[PDB]
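*Asks:* Dumping the structure here so I can ask a few things about it.
Every residue, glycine as well, gets a Cβ built from its backbone with ideal geometry; the counts of neighbours run over all protein chains shown. Just so it is clear, none of the values below were taken in a lab; they were calculated from the coordinates.
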Protein chains: 4
Amino acid sequence: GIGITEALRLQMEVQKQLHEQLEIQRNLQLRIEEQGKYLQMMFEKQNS
Amino acid sequence: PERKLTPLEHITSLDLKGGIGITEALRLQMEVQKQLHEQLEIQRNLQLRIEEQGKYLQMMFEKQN
Amino acid sequence: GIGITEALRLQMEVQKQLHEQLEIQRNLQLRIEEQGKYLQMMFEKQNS
Amino acid sequence: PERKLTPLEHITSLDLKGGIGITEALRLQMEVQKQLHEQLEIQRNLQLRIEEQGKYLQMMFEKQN
Ligand SMILES: [Mg+2]
Ligand SMILES: [Mg+2]
């Protein structure tokens, strides 16, 4: 079995990977939004 | 995958030559934006739940001491 | 403080929300890929 | 956000009238695909780490019994 020391180490790694996923999602969402901006601009070009 | 794509979300060359690829792409964008918001909701939940599990582990590390 | 019973309940909810995020990512990636397919088709139209 | 977008990832109306909006969108696609793969790597890691924390909690629930 695992001890309390490794359990607390796993807990710290979980929280840091969670925050890490959060930061990747922000950067991902920033890029998806710019894809959307491009798509909206293309759509309006074809209606001008 | 789990939910596979409907004809309204599948973009074919037939769609492009009809000029509806752009609007289907904008539909995909709407769905992706909502899913991203849902995943944002869940990690906030996960962060909160993990932190509560963390305080349980901490208080029992100090009952040794 | 929280008890062992709620700690184990939190653990189950964490794993189920994790799997839940995984399923949302698959569906998200499926849709991003189709956006990419559209973009690749548009790019090749402008080079034909 | 954290990493803001470079001019190579920012899509302006100036880019569209130069006909490079499509290639910048394809650049954004490449970056998004890599980030999605990274987030996939991390949840596998998170699932494995959470499960190991789970077996510690289970074995201590049964040391009561
Ligand atoms: Mg279609
Ligand atoms: Mg640019």
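*Asks:* Largest first and in whole Å, give the semi-axes of chain D's equivalent ellipsoid, each being the square root of 5 times a Cα gyration tensor eigenvalue.
*Replies:* Numbers: eigenvalues 460, 20, 7 Å².
Calculated on Cα positions only, the semi-axes equal 48, 10, 6 Å.
*Asks:* Identify which of B:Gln53, B:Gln43, B:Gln35 has the largest mean-square fluctuation in a Gaussian network model of chain B, with springs joining Cα atoms closer than 10 Å.
*Replies:* In this elastic network of chain B, the residue with the biggest mean-square fluctuation among B:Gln53, B:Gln43, B:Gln35 is B:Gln53.
*Asks:* Please give me the summed charge of the neighbours of D:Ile11: other residues whose Cβ is under 9 Å from its Cβ, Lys and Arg +1, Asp and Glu -1. Spell out each step's value before the answer.
*Replies:* Numbers: positive: A:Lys37; negative: A:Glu34, D:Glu9, D:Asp15, D:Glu24.
That sum, taken over residues with Cβ under 9 Å, equals -3.
*Asks:* While we're looking at this one, here's another question. How many nm separate the modelled label positions at D:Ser13 and B:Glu2, each set 7 Å beyond the Cα in the direction of the Cβ?
*Replies:* Between D:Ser13 and B:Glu2, the simple spin-label model gives 4.2 nm.
*Asks:* Pop the C-beta distance of C:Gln40 and B:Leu26 into the FRET formula with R0 = 25 Å and round what comes out to the nearest 0.05. Walk me through the numbers on the way to the answer.
*Replies:* Values: r = 17 Å, r/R0 = 0.68.
For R0 = 25 Å, the calculated efficiency reads 0.90.
*Asks:* Work out the FRET efficiency for B:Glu38 and C:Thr5 from their Cβ-Cβ distance, taking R0 = 25 Å, and round it to the nearest 0.05.
*Replies:* 0.30
*Asks:* What is the Cα centroid distance between region D:1-55 and region B:1-46, reported in whole angstrom?
*Replies:* Each part reduced to its Cα centre gives a spacing of 16 Å.
*Asks:* Using just the Cα positions, wrap the protein assembly as shown in a convex hull and report its mean projected area in square nanometres, one decimal place.
*Replies:* Working: hull surface 60.2 nm².
Quarter of the Cα hull surface area: 15.1 nm².
*Asks:* Compute the acute angle (0 to 90°) between the alpha-carbon long axis of helix B:21-64 and the principal axis of greatest extent of the alpha-carbon atoms of chain B; round to the nearest 10°.
*Replies:* Result, in degrees: 10.
*Asks:* Okay, moving on. With everything on Cα atoms, drop me the angle between helix A:4-45 and the longest principal axis of chain A, reported from 0 to 90° to the nearest 10.
*Replies:* The helix A:4-45 is inclined about 0 degrees to chain A.
*Asks:* Looking at this model, which pairs from A:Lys16/B:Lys4; B:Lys34/D:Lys55; B:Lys17/D:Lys4; A:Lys16/D:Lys34 are more than 31 angstrom apart at the alpha-carbon? Write out the running numbers ahead of the final one.
*Replies:* On the way: A:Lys16/B:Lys4 33 Å; B:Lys34/D:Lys55 34 Å; B:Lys17/D:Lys4 35 Å; A:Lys16/D:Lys34 20 Å.
Among A:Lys16/B:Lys4; B:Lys34/D:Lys55; B:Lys17/D:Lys4; A:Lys16/D:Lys34, the Cα-Cα distance tops 31 Å for A:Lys16/B:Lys4; B:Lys34/D:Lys55; B:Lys17/D:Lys4.
*Asks:* For the protein assembly as shown, what does -39500 (n - 2.57) per DSSP helix run (n ≥ 4), summed and divided by total residues, give at 222 nm, in deg cm²/dmol to the nearest 500? Present the calculation step by step, with values, prior to reporting the outcome.
*Replies:* Numbers: 6 runs with 182 residues, N = 226.
The helix-only estimate for the protein assembly as shown comes to -29000 deg cm²/dmol at 222 nm.
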